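# Observations on the three-dimensional arrangement
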Amino acid sequence: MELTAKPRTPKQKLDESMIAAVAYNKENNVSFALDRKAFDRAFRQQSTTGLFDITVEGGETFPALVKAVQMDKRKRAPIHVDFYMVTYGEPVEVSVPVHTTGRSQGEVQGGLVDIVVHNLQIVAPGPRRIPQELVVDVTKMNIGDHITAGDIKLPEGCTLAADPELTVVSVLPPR
Amino acid sequence: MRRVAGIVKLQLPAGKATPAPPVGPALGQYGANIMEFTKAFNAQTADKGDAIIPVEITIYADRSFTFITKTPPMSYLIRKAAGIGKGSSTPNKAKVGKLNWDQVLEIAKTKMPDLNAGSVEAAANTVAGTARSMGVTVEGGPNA
Amino acid sequence: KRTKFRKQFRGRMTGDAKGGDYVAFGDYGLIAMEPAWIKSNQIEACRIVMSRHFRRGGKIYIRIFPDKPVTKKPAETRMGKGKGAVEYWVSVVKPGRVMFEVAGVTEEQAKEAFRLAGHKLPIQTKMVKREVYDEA
RNA sequence: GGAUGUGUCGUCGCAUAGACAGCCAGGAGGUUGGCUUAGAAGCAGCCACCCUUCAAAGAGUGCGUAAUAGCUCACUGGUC
């Protein structure tokens with residue numbers, strides 16, 4: 001990733017296709033603007049646990065995870081991004097999409113693989129070794145079994161900000 | 001009446017004497033003889049007895065016929081190998097039975113010029129693969 | 001459809017759609033383009049439409065809901081003597097606001113069941129897929 | 001609501017390992033899969049898509065038959 005500008009007036013961009021911007025280090029905070037193209041590319045590549053570098057048109061590469069996106073609700077494209085410049089050892093409370101793995105035995109008797117929480121608010125691995133996704137085997141589930149946040153796995157050195165009993169991906173009946 | 005040949009694949013019950021729905025004028029409308037098939041097909045069902053043995057018939061002209069009687073798709077002596085006479089409604093919500101691997105040696109030794117495979121493992125795994133739509137689970141697999 | 005008890009009556013105004021312009025509950029989602037009104041039957045329509053298409057049975061999320069009492073006076077009177085009795089009910093769907101979310105079917109089923117859905121409505125429409133991630 | 005009208009930007013895929021299309025040949029054996037049915041055997045409706053081999057070939061997609069059979073494609077190879 002790479003920007004060029006950082007004023008308050010946006011005619012330097014917009015039509016020329018760049019996105020309104022902020023990125024804070026937490027002692028260092030900076031407004032700016034970053035070309036749409038690349039941002040969309042990488043942000044679907046890497047998303048909300050992505051981490052990527054900021055080589056401002058000055059020469060000062062930076063470490064950036066993506067924090068908040070804010071978009072044109074009508075035209076349905078993005079117009080603004082909040083960043084979080086990562087630190088070192090301790091990070092933040094990563095948001096990570098629950099997936100589903102394997103041909104489940106729950107879908108063979110009329111049931112359906114329903115993710116009652118599309119995304120998971122964990123806590124801290126360290127801001128350089130982050131889970132992008134998650135993998136919750138579903139095979140063992142029949143029809144009527146849910147999966148609480150206890151049963152959810154871990155990669156080691158991480159904690160679950162979510163209540164260990166509320167429902168993530170549960171099989172639903174037919175019809 | 002005429003001479004216009006025909007290659008007819010069909011299917012007929014074993015030891016009976018077909019009514020109106022099956023044959024009748026289903027292969028005799030090109031030109032063949034019925035008198036020596038009611039008494040010439042129902043006599044080799046004294047060989048293999050009680051299963052839908054398939055039939056193929058090739059027709060020349062005048063009153064000519066040349067048939068071949070193959071191997072009964074034991075969806076008769078396997079439906080019995082369980083508990084239901086009329087097959088499972090849905091093979092994945094209601095089942096039939098569970099045959100042994102040694103009752104896969106009568107479909108892989110009657111079908112010598114049919115299951116066009118070379119090995120025994122293949123010629124077993126074929127109709128054992130059929131043994132899934134019938135609604136049946138296999139007493140087999142690796143190890144065991 | 002209709003509600004349970006309430007206030008009774010109304011009025012009207014517009015300017016863009018609050019929330020929630022995001023794809024929760026489902027993988028695929030259909031989104032309005034015009035500052036419509038929408039009626040009990042206008043949505044029960046798409047309920048029964050998509051619910052035809054998906055068979056048994058999908059998973060169908062009607063993200064909109066009629067709460068607005070719209071009236072019509074008795075036909076043939078000169079105005080005055082009242083406000084009209086409550087004719088029907090309306091969901092005040094504004095643009096970018098998302099009306100339908102479904103999943104538990106594939107991409108083709110979303111395209112088509114949403115096509116047939118949107119051929120029942122006073123609005124041009126766009127269907128899409130997730131990524132609106134401010135809060136799942 | 002529909003349109004290979006015609007210009008502009010952008011996504012996605014495919015092939016110097018032979019492409020989209022033109023013509024050439026298979027488009028297969030279990031298996032009328034089971035359910036259902038007066039019969040449905042690819043094809044009127046209900047749960048499932050497993051194998052034999054292969055240069056390749058999927059209980060397959062349409063026209064069809066009351067049901068057959070029969071005609072084309074999904075892939076495969078020669079050509080260009």
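Residues numbered from 1 in each chain as written, not as in the entry; some residues may be left out. Chains lettered and ligands numbered in written order. Part of a larger assembly, values for the part shown. Heavy atoms only, no water.

Going by the header, the method for this PDB entry is X-ray crystallography, and the resolution given is 3.00 Å.

This structure, assessed with the given rule, holds 13 salt bridges over all chains. B:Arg63 is the salt-bridge partner of B:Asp62, the closest N and O atoms lying 2.3 Å from each other. Assessed through its relative accessible area of 45%, B:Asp62 is described here as partly exposed. Classification of B:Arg63 as exposed rests on a relative accessible area of 54%. Two residues, C:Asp67 and C:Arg6, come together in a salt bridge whose shortest N-O distance is 3.9 Å. Remark: C:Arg6 occurs in the segment before β1 (28-32) and C:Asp67 occurs in the loop between β3 (59-62) and β4 (68-72); sequence separation between them is 61 residues. (Salt bridge = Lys/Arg side-chain N within 4 Å of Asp/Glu carboxyl O. Buried < 20%, exposed > 50% of the residue type's maximum accessible area, 1.4 Å probe, protein only. Helix = DSSP H or I, 4+ residues; strand = E, 2+ residues; numbered from the N terminus.)

Turning our attention to the interface of chain A and chain C. Residue-level contacts link 13 residues of chain A with 21 residues of chain C. Where chain A abuts chain C, roughly 1,600 Å² becomes buried across the two surfaces, and 54% of that area is made up of carbon and sulfur atoms. Summed over the three residues of chain A that lose the most area to chain C, namely A:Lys73, A:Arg76 and A:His118, the buried surface amounts to 37% of that side. Our count for the chain A to chain C interface comes out at 2 salt bridges. A salt bridge links A:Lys73 to C:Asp21; its shortest N-O distance comes to 3.7 Å. Connecting chain A to chain C are 6 residue pairs in polar contact. Mapped by element, the contributors of at least two residues to the side of chain A that touches chain C are α1 (36-46) and β4 (63-72) of chain A. Residues that form the side of chain A that touches chain C fall into these classes: 6 nonpolar, 2 polar and 5 charged. (Contact = heavy atoms within 4.5 Å. Buried area = accessible area lost by both parts, 1.4 Å probe. Polar contact = N/O pair within 3.5 Å; in protein donor to acceptor, adjacent residues only side chain to side chain. Nonpolar A, V, L, I, M, F, W, Y, C, P; charged D, E, K, R; others polar.)

Here we come to the protein's contact with RNA strand D. By nearness alone, 30 residues border RNA strand D, and A:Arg41, B:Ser88, B:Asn116, B:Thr130 and B:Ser133 come closest of all. The separation between a sugar or linking oxygen of RNA strand D and a polar main-chain atom of B:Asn116 is 3.0 Å. The side chain of B:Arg132 places a nitrogen or oxygen atom 3.2 Å from a sugar or linking oxygen of RNA strand D. Examining the composition of the surface near RNA strand D, we find that 6 residues originate from one element, helix α2 (residues 120-130) of chain B, more than from any other. (Near = heavy atom within 4 Å.)

Our focus in this paragraph is the domain arrangement of chain B. All names here are of chain B. Taken domain by domain, chain B consists of domain 1 (1-70) and domain 2 (71-144). The gap between the C-alpha centroids of domain 1 and domain 2 is 28 Å. Between domain 1 and domain 2, the contact holds 7 residues from the first and 6 residues from the second. Where domain 1 abuts domain 2, roughly 560 Å² becomes buried across the two surfaces, and 70% of that area is made up of carbon and sulfur atoms. Scanning the region where domain 1 abuts domain 2 turns up 0 salt bridges. Summed over the shared surface of domain 1 and domain 2, the number is 0 residue pairs in polar contact. When its residues are assigned to classes, the side of domain 1 that touches domain 2 shows 4 nonpolar, no polar and 3 charged. (Domains from an automatic or database assignment.)

Moving on: the sheet that holds β4(A). Backbone-to-backbone hydrogen bonds join strands into a sheet, with any given pair of strands oriented parallel or antiparallel. Residues and elements named next belong to chain A. The strand order across the open sheet formed by 5 strands is β2-β1-β5-β4-β3, and the pairing between neighbours is mixed. Of all strands in the sheet, those with a lone pairing partner are β2 (29-35) and β3 (52-53), marking the two edges. Two elements, β3 and β4, share 2 bridges in a ladder whose sense is antiparallel. For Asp53, the partnering residue across the bridge sits in β4 and is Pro63. The sheet contacts of α1 involve β1 (18-24), β2, β3, β4 and β5 (77-85), and relative to β2 the element is tilted by about 100 degrees. (Pairing = 2+ DSSP bridges. Axes fitted to C-alpha atoms, helices over the stretch in contact; angles between N-to-C directions.)

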